[PDB]
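Only one chain is given next, in structure tokens, and it is the form deposited in one PDB entry.
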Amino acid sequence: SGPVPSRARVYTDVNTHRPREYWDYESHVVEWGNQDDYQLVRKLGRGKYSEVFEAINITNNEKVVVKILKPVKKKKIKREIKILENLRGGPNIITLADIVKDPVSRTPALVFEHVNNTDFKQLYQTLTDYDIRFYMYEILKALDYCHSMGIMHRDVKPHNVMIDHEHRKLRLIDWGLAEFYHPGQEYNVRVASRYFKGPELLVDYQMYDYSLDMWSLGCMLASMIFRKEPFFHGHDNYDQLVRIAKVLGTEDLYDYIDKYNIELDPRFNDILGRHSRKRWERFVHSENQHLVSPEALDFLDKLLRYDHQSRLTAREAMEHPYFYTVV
């Protein structure tokens, strides 16, 4: 007997009541800008299927970022473009400024607004309680928006949250793994950074939803206020679930698996062992206590829950007392 099905408890049918044109990225015909508008200045980073460059738009002398896409599936390129276009102008969503294609080699590139990202080591030493609440609220705006627009980000992690702290500016980036939510759809569980993967991914439950992003966000919150980055530090996917179970406890994990009629690898049970649910206070120390409050812990507790259906939505999170001073 297979697992019990699931659907999102919010925004369940947002793509259902939109025109096919909205979510059908496969049929999306692309209109290309002019690649000779941009000059590459330096390489900023590289991933598996793209390289990212600082660039200048020579028509107005503004800095931009150019992401050149390695010859992967055209459907994945079209998906990311459609999602970026759908979300453009949303709060704290990185702005896709242009799309260009080398007219001879056919290589496509995406052009983004430039964000002057503050150095992590600098942020690590400077962010106050208030700063964290503010930026968390701004991330929530972005997630509530994309979720309300029927999109899961699926790669929420600190490296995909750019912060230009001197302008108090935040952008959620890297929409390369993002996907449209359709109720009943079985999704690839190989998404998100290991450290920010939800329990549903680690137990290979494919019928997940927007609530995956809320787990990832909870991990980020924990990392920031406890000053341990990443908070759950597994050495592989099996070990990642062990790190989670050592904090949330094994009892609720097995209740989760039981509720959804999920089957675990035999080896999984043996390495999961038996672990008490810990109190969040266990992670508060002299060095991080200025970032931790009762409302911070209550909020965190409402994000990091095994059952994806029991986690705060982005909207409910923004209503939490943790954000009173910010709002």
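Under this definition, the rigid core comprises the largest set of C-alpha atoms superposing within 1.5 Å between the forms. The first residue of the sequence shown is number 1, and the count goes up from there.
Quick note: we don't show the form deposited with a partner chain bound, though the next part is all about it.
J.: So which of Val284, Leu297, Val41, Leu272 reaches within 4.5 angstroms of the partner chain in the deposited complex, heavy atom to heavy atom?
T.: Comparing distances to the partner chain in the deposited complex, the residue within 4.5 Å is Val41.
J.: From the list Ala222, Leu241, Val100, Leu170, which entry has a heavy atom within 4.5 Å of the partner chain in the deposited complex?
T.: Of the candidates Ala222, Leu241, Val100, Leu170, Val100 is the one lying within 4.5 Å of the partner chain in the deposited complex.
J.: Is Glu51 part of the interface with the partner chain in the deposited complex - any heavy atom within 4.5 Å?
T.: Answer yes; at least one heavy atom of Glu51 falls within 4.5 Å of the partner chain in the deposited complex.
J.: Taking the shortest heavy atom distance, is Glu26 within 4.5 Å of the partner chain in the deposited complex?
T.: Close contact is absent here: in the deposited complex, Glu26 is far from the partner chain, nothing within 4.5 Å, heavy atoms only.
J.: Does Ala109 reach the partner chain in the deposited complex if we count a contact as any heavy atom within 4.5 Å?
T.: Yes.
J.: Is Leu291 one of the residues lying within 4.5 Å of the partner chain in the deposited complex, judged by heavy atom distances?
T.: Contact check for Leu291: no, nothing within 4.5 Å of the partner chain in the deposited complex.
J.: Can you say which of 247 to 255, 214 to 222, 100 to 108, 131 to 139 gets within 4.5 Å of the partner chain in the deposited complex, counting heavy atoms only?
T.: Residues of 100 to 108 come within 4.5 Å of the partner.
J.: Kindly specify the one residue in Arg282, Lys48, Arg274, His290 whose Cα moves by 2 Å or more between this form and the one not shown, with superposition done on the rigid core.
T.: Single residue meeting the criterion: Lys48.
J.: Taking the rigid core as reference, does the Cα of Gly89 move 2 Å or more between this form and the one not shown?
T.: No: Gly89 shifts by under 2 Å between this form and the one not shown.
J.: Has the Cα of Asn117 moved 2 Å or more between this form and the one not shown, judged after a core fit?
T.: Yes; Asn117 is a residue whose C-alpha shifts (by 2 Å or more) between this form and the one not shown when the cores are overlaid.
J.: Classify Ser105 as shifted (yes) or not shifted (no) between this form and the one not shown, where shifted means its C-alpha moves by 2 Å or more with the rigid core superposed.
T.: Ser105: C-alpha displaced by 2 Å or more between this form and the one not shown.
J.: With a change of at least 3 Å, which way does the C-alpha separation between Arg79 and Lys48 go in the deposited complex: closer or farther?
T.: Farther apart in the deposited complex, by 3 Å or more.
J.: Quick one: with a 3 Å or larger change, is the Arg46 to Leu221 CA distance smaller or larger in the deposited complex? Answer closer or farther.
T.: Compared with the form shown here, the C-alpha atoms of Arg46 and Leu221 sit closer together in the deposited complex, by 3 Å or more.
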